[PDB]
Amino acid sequence: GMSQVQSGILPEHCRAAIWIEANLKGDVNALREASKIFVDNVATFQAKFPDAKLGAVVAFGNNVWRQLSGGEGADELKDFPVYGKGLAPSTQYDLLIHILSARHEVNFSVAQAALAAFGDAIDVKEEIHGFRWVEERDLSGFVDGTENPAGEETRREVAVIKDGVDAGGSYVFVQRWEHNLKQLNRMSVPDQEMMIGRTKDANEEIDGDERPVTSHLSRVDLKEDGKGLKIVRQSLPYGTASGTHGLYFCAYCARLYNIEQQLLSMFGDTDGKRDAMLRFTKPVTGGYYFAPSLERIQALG
Ligand code: HEM
Ligand SMILES: [Mg+2]
């Protein structure tokens, strides 16, 4: 008489991922059976490839989730708004599939299974293949992950709803960034470090009173009466060397509130200042989703 978290929220250090964002083409009913087949497929792939350490998440946008849940729970869920009057664009879709593991080839098979399960009920808008880069660095050359919640106990505390109808569920935020590395390389390394809030090579935190308020850490390391607004990030680099490349940003949280406060800060809605990273990278997509518990996916009928 308890809830089980979907397998893709908590795993740490996964080297590869696939994110599929899609719109519903017909009756929302199509999503009930598809979702049940998909989580079964995941169990099958986990049995066949135990060394892949595979996890996956199926999550739903506001409109379809309100329909599937009958308006019960997910009190904070809403369509992703535009932040900064447009600095952060909004591309709210109906369905998010997140697959992650130690093996991209296994991820690819799972993605094919997801597409076969939902079939022509969905219109795929984005399919992104994330990869961990050398030293877990972002393509900018700065390490990404250092202050991310560590260990299953703390990641559960931050990401997983503890009780009520939504127990075992989580709110998800996805945002694809396009890096202009040519623009970044025009910046001196000291200026880049002041833009992030950490040193580049050694990845040492620069003190809050030594870095600009526009530094990335000053924008997103937020505390309310001394309590940090934590989130569990699953972001990874993506793209080609000669084409579009950047960071696929992905975060899970028991409360959408923590994510939103960080976006209001970054995009200038809180204090009129914006994130210094906007000097070399920009967000081009944006959406909020609700990841139910595994058992609620099994009560989709
Ligand atoms: C281009 C996009 C982004 C890049 C390249 C980026 C890069 C980084 C880097 C290098 C760090 C420092 C290492 C670490 O502690 O993980 C960091 C920290 C962090 N980022 Fe971002 N980030 C991006 C977007 C975002 C967004 C959109 C959010 C939230 C909405 C976010 C939230 C955070 C948080 C919460 C931390 C930890 C801060 C701390 O407590 O020290 N990031 N990011
Ligand atoms: Mg801190």
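Residues numbered from 1 in each chain as written, not as in the entry; some residues may be left out. Chains lettered and ligands numbered in written order. Heavy atoms only, no water.

- Per the PDB entry, the protein carries the name Iron-dependent peroxidase and comes from Klebsiella pneumoniae.
- Its official PDB title, as written in the record, is "Structure of 10% reduced KpDyP".
- Heading Cofactor (unreviewed entry) of the UniProt record for the protein holds this comment: "heme b".
- Turning to the protein, the UniProt annotation filed under Sequence similarities (unreviewed entry) states: "Belongs to the DyP-type peroxidase family." (UniProt positions renumbered as here; feature names shortened; annotations may be inferred.)

A look at the coordination of the iron atom of ligand 1
Here's step 1: For the iron atom of ligand 1, the protein contributes exactly one donor atom, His 216 (NE2), at 2.2 Å.
Here's step 2: Secondary-structure assignment places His 216 in helix 7 (residues 216-220). (Donors = N, O, S within 2.8 Å, 3.2 Å for Na, K, Ca; no water. Helix = DSSP H or I, 4+ residues; strand = E, 2+ residues; numbered from the N terminus.)

Overview of helix 2 (residues 62-69)
Here's step 1: Along helix 2, the positions that sit buried rather than exposed are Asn 62, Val 64, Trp 65, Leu 68 and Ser 69. Along helix 2, the residues classed as buried sweep out an arc of 165° about the axis, all on the same side.
Here's step 2: Where helix 2 is buried, its residues touch strand 1 (16-24), helix 1 (30-48), strand 2 (55-60), strand 12 (287-291) and helix 9 (294-298).
Here's step 3: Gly 70 sits one or two positions beyond helix 2 and adopts a positive phi of about 70°. (Buried < 20%, exposed > 50% of the residue type's maximum accessible area, 1.4 Å probe, protein only. Arc of directions from axis to C-beta. Contact = heavy atoms within 4.5 Å.)

A few points about the UniProt feature "binding site: Mg(2+) 1" (unreviewed entry) in the protein
Here's step 1: Under the UniProt annotation, the feature "binding site: Mg(2+) 1" (unreviewed entry) is placed at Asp 221.
Here's step 2: Along the chain, the position of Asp 221 falls in the loop between helix 7 and strand 6 (223-224).

Here's the deal with the UniProt feature "binding site: heme b 2" (unreviewed entry) in the protein
Here's step 1: Here the UniProt feature "binding site: heme b 2" (unreviewed entry) sits at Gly 145, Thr 146, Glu 147, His 216, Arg 233 and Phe 249.
Here's step 2: Turning to its location among the elements, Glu 147 is positioned in the loop between strand 4 (122-131) and helix 4 (152-159).
Here's step 3: In this structure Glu 147 touches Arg 198 and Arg 233, once residues within four positions along its chain are discounted.
Here's step 4: Among all residues touching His 216, those that are not within four sequence positions of it are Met 195, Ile 196, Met 266, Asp 275 and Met 277.

Points about the side chain of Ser 170
Here's step 1: Mapped onto the elements of the fold, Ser 170 is located in strand 5 (residues 170-179).
Here's step 2: A distance of 3.4 Å separates the side chain of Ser 170 from the backbone nitrogen of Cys 253, its partner in a polar contact.
Here's step 3: Not counting residues within four places of it along the chain, the set of residues in contact with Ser 170 comprises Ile 9, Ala 159, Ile 161, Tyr 252, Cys 253, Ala 254, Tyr 289, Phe 290 and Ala 291. (Polar contact = N/O pair within 3.5 Å; in protein donor to acceptor, adjacent residues only side chain to side chain.)

Some words on the packing of aromatic side chains
Here's step 1: Across all of its chains, the model carries 11 aromatic pairs by this definition.
Here's step 2: Following the ring pairs from residue to residue traces out a cluster consisting of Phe 80, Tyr 83, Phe 173, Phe 249 and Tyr 288. (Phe/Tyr/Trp six-rings, centres within 6.5 Å; stacked < 30°, edge-to-face > 60°.)

Brief notes about the pairing of strand 9 (residues 236-239)
Here's step 1: As defined by bridge partners, strand 9 adjoins strand 10 (residues 245-253) across 4 bridges and the pair is classed as antiparallel. Residue pairing across strands places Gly 239 opposite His 245, the latter belonging to strand 10.
Here's step 2: The hairpin formed by strand 9 and strand 10 contains 5 residues between the paired strands. (Pairing = 2+ DSSP bridges.)

Here's the deal with the site of ligand 1
Here's step 1: In the vicinity of ligand 1 lie 23 residues, with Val 143, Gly 145, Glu 147, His 216 and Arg 233 positioned nearest.
Here's step 2: At 2.7 Å from an oxygen atom of ligand 1 is found a main-chain nitrogen or oxygen belonging to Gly 145.
Here's step 3: At 2.9 Å, a backbone N or O of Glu 147 approaches an oxygen atom of ligand 1.
Here's step 4: Elements with a contribution of two residues or more to the shell around ligand 1: strand 5, helix 7, strand 10 and helix 8 (256-266).
Here's step 5: Residues that form the shell around ligand 1 fall into these classes: 10 nonpolar, 7 polar and 6 charged. (Near = heavy atom within 4 Å. Nonpolar A, V, L, I, M, F, W, Y, C, P; charged D, E, K, R; others polar.)

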